[PDB]
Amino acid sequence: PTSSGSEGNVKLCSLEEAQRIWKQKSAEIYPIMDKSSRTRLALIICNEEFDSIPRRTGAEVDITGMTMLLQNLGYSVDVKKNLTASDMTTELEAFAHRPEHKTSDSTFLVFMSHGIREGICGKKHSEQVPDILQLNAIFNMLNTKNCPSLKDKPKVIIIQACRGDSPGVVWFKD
């Protein structure tokens, strides 16, 4: 039991358990491409330093952890930092156009920033002049029309961001 391999700290699926899973509901599992030839891609967009919002100290720990995890799972990881919403849109359109998706079976996109109810904050965001990327735009840029190379393939979007100012709790009597 060693974390020395490419998978690091991710526990491995034995080929025993793999064919156990693959025979119990095979018609309902996404197919995996051959490890020797597949070209999986992932994209991490992280905003830590903002023009008018407090810095997200600790963000570098998040980048490190998600980058290593996604590499452990077999993805080649692009990391982009401190982007406006327009920059984020441009990076997503470029990612959707990557030729590797054709020889990939799946993708992960990770977004880490400040957020408000409406979406994810760009580098220059303020309530004076909002700089927001909506989740709806992310889906549209990766869907079958705008990213045909990922048709029928799982697209996993992870978002670390506040969604408002509320604490998310209510009191009840014990």
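Heads up: residue numbers just count along the shown sequence, starting at 1. The term rigid core refers to the maximal set of C-alpha atoms that superpose within 1.5 Å between the two forms.
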{"query": "More variable segment, 66 to 74 or 23 to 31 [Cα RMS over structures in 6 other deposited structures of this protein, core-superposed]", "finding": "23 to 31"}
{"query": "Of 46 to 54 and 103 to 111, the stretch whose C-alpha atoms average the higher B-factor in the entry", "finding": "46 to 54"}
{"query": "Stretch with the greater mean C-alpha B-factor as recorded in the entry, comparing 81 to 89 against 68 to 76", "finding": "81 to 89"}
{"query": "Candidate set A161, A18, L150, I158 [ranked by C-alpha B-factor, highest]", "finding": "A18"}
{"query": "Highest recorded Cα temperature factor - choice among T39, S36, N146, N136", "finding": "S36"}
{"query": "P130 CA temperature factor, ranked by third within the chain", "finding": "highest"}
{"query": "CA B-factor ranking of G168, expressed as a third of its chain", "finding": "lowest"}
